[PDB]
Each structure stands twice: as C-alpha cells, then as structure tokens.
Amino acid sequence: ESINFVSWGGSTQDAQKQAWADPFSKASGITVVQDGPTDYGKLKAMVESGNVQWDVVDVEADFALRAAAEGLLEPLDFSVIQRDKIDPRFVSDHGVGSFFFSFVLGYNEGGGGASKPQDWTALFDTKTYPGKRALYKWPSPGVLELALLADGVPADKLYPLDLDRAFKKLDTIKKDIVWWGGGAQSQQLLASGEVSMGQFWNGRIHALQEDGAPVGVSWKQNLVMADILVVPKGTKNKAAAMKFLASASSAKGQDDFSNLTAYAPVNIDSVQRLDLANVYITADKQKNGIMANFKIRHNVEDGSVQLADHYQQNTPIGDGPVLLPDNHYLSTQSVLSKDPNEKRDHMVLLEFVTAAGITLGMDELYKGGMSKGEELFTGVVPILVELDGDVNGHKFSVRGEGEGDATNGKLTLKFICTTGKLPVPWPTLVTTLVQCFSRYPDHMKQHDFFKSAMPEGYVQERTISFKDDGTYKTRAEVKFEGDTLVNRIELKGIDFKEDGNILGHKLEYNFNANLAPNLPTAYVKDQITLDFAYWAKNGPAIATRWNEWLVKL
C-alpha cells in the first residue's frame, strides 16, 4: 500500500525524495511515488471529479489558503501532526509547512567591484550598478513588496499594496528587467552574466556559491516565503498521507531538507543550524557512535568560494558506556594567524566551540540541576596532534602542540609542517587537525558523546570532498596518553588538480568565507514575512493588474 507525492521537480523535489520519502518508506512500509509537477488546474479537476491520484501536494502558501477556502483539501489530522511544534506562520487547518525560504538580493561580482549592493533600492540604480535585473515572473508574493520597500514604504505599513506605486517604481527599470519563472533559469541568468543582480530564492544563490560562481548576496530586507504540504480532498490514502506530513514536517525531516537545499525548517524542535558549516550531529545506534556532516567554505584568491563537503563518523575505542546524543549541532569560530619569529611552515590556531540546537523549553528544568569521561575536561588539558599525509603522493607530516579548555570551548594550538613546505593550504586541514573540547552547555551534557568515550577514546573517520577537485579520506584516533589528549591521524588525498585551488595554493589564509551565514534562520532580524492571507484574498485581482501590466508597451 502506497502514496503519490507531488512537487516542483528538479533539485527541490530530488531533495524531498531524499530527505523525507526514503526514510518514510524505510520507517513505515508505505512506499512513495514521485509524481509532478504540481499543477493547480489538475488538482482542482481531480478533486471535483472525485478520482484523486495525488495524496500529498507541495503548493505555494497563498495557493494553500485559497484552495482551502474553496474546500479542495482534507482538514489535517492534528493528533498525527504535532501542531504545537510547527511555526504558526506555516500551519493552518488544511496545510503544514514544506519549508520556508527567503527572497534575497543576489548579485554578480564580475559584473561589479568596489561598492557592494545592499538593499532592494540598489536595483533601481542602474547608474551606480549597471546591467539587467532578474525578478520573478509569475504574479505572487515578493516583487511588488520589494518595489514598495525600495520606494520607501516601511515594512510594517506594506499592506494593502499601493499597486499604483509599485508599477510606478517598476516602470523605472522595466526596459532592463529579465524574468525568471523557475530556479534553474534564475541560476543560469546570473552565472551567465545576462543579468548582474536580482531577486532570487536563497537556495539558488546558495547553489551558485557552492558551484564556485563569483556571486554575493545581501539578506537585508529578505522576504520570507513558504510552501505548504496539502492533502487533496478525497485522497484514498488519508491516514497514510497525514503520516507523511507528520514526517516531512518533523524536526528531523526539516533539518535533513534544510541541509540539502539551504532552505529553512518550519519545525520549532528542529536543530536550526544558522550555517551549513555547523557540524550537524546525529546518533548511530547500530555502531554505538555518531555520524556528522557539514560544509566548510574556503575563500579563493580570485574572490570565489571553494567548498569542502564533510562526512564524518565517530565510533568508540572503549567497551565502556557512551552517550548517544539527540540531534544537535556544533558552532565553531576559527582564527588563523602566524608567529612572526617562526621560520617553518606553520599555523597558529585559536578556536571557540559550543554545542547548540536544542534550547530548553519553558517549564523544563527548575529545581535539581553526566559521564565519567566528562570529568577529565574540567580544567586545561595539553593537546598533541600528529598527522601523516599523502595528497597526490606528496608525503607530509604535521605536528601540533597546545592545550584545550572545554569549560570555555577554547583551543589554542600551533602546528608545524615537519616535512618542509606544506603541500596543501593550511585552511584545508583545520577540520582534520578534537570535538571533545566543545563546550556542551548544561542542559545538553547528556548529548556529549566525545567526552563520554574517554579516556580510551574514539576513532574519527571522514571523507572531505572539495568541489571540482580531489577528496581527503582521513582516519584518526583521539584518546588520552598520560595527561595529554592525542589526535593521531592518517590522511590520503586522491584526484587533486596539480594547479587547482588546493595543490595550486590559491586559498586565502583565514576562515572568513564562513563568517557570513548561508541560511535564512540566521537572518531573522532582517526578515520581512509576506502576508499570504492577503494574497489568497486579492491574488486574482492583483494577477489581472500584473498580467495587464507585463503586456503594456
């Protein structure tokens, strides 16, 4: 027995299959058939005709509301779907958030230079910033609001929309507008340089940064939009369809989806990483350890970003009991400097690390406030790091000494290439060169696998894929040797380009590419949520005036 899931195709649906459908089938025995794309016409004919082939449909948030008003949808079953845990902006009687996302000002940096676009305003300024502007084609939230904002309307006085004014403002660049109707289209428009700046779904700008394109972003006045999961009226698989919503919209479903797309979670219990560099941790029962994943970004000398995609598994060495964590993340700031009296190839590294992503609720913890290995980190511990490495047959070693203070999530080491000139950029080794010195806050101490495995320690295994380049495979053993914490690591690099960004040495000596976050959950101060209800109400009348407006000459 099985269900039909409908979305927009492309990367978005590919990720919904991967993040929800595969673990839903694995977990429940119900099989999920990918059908699509979402057609609103076919949803209606299907519902009225009474024969329904679509069980769960991903639709736009205004559509979801208008549809529910015309009784095209099953009321959701709120004893299956935990309404408590879904951000209010993204649940109704007839729909649950699929994901939320942001419209953002994306710009080409090889279209511009020394002065960087900041606002929606800097978009109606062809004199200061030349080139064509990418805006979204189909009448729906975003473009009108961004026009009004740019003409000086305050965020909180936006609705109802002075449509007259919006069209006044848009006319001022209409000649130079280029219209995108889907994500892929929007990417190629900006990659190609056909357009120099625009309004984009954050995911697509995120995609381009990952692909090494020379594009920047501003989240100033970033406009929140959402997709909703609806169940069409008279599915034949109502109970199973609701189970799927509960799963897609769960904490876990939403983090996994966010991870793949860089769109945002709608579940309040979901870990809520601010940046994909945040080390997302989950448990592996079957191995008695954890696995984790993250993406680091290294600045390239030319102004692009080199992506280093991290997959990780840790398994204890000891027989002893270990803490298997609830899902969470780790946030790290890393600072790279040089000793000016050190003649050898080296890296001085300062590092600060906490756990995060759980956050205590109201009325949880209030009148009583562990692991055995936890107790070895109560003070300052000396650290030793040895690494033997092979990258395209360059054989090199690194020795790092220093100390760690988990009470304050603080690490200070100095690392030396003992073999001569380090054949790869130092920043590409930071993640490889002791998450046991993370500062796990008190309500999260029970989630601290790393310390729990001490002193016998853990094995830490990784694959790091550099975009359009080789990969590192690493295996390390982290454990106490006397009073000293040791990281003993072997590293093998395959498939590197002899004058690509790594072996070519084209990566800046810093970790700054990671300062500006790449996820919407990090820009909530700069956010404007768009009124979906208002569009559900007036969309048809707006759509007429929009459509006429496109056609005028």
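All residue numbers are counted from 1 along the displayed sequence.
According to the PDB entry, the deposited sequence contains 4 to 9 residues between residue 369 and residue 370 that lack coordinates. Counting the deposited residues that fall between residue 91 and residue 92 and carry no coordinates gives zero.
Taking the mean C-alpha B-factor of each stretch as recorded, 153-161 and 461-469 are not equal, and the higher mean is that of 153-161. Per the PDB record, of the two stretches 73-81 and 277-285, 73-81 carries the greater mean B-factor over its C-alpha atoms. Within the selection 87, 364, 256, 401, the deposited Cα B-factor values reach their highest point at 364.
As recorded in the entry, 112 carries the highest CA temperature factor of 265, 112, 420, 181. For residue 358, the recorded CA B-factor ranks within the middle third of the chain. Only modelled residues enter the ranking. Among the modelled residues of its chain, residue 483 has a C-alpha B-factor that falls in the highest third, as given in the PDB entry. Among the modelled residues of its chain, residue 321 has a C-alpha B-factor that falls in the highest third according to the deposited record. The PDB entry assigns residue 36 a C-alpha temperature factor belonging to the lowest third of its chain's modelled residues. When the CA B factors of the chain's modelled residues are split into thirds, the value for residue 107 lands in the highest one.
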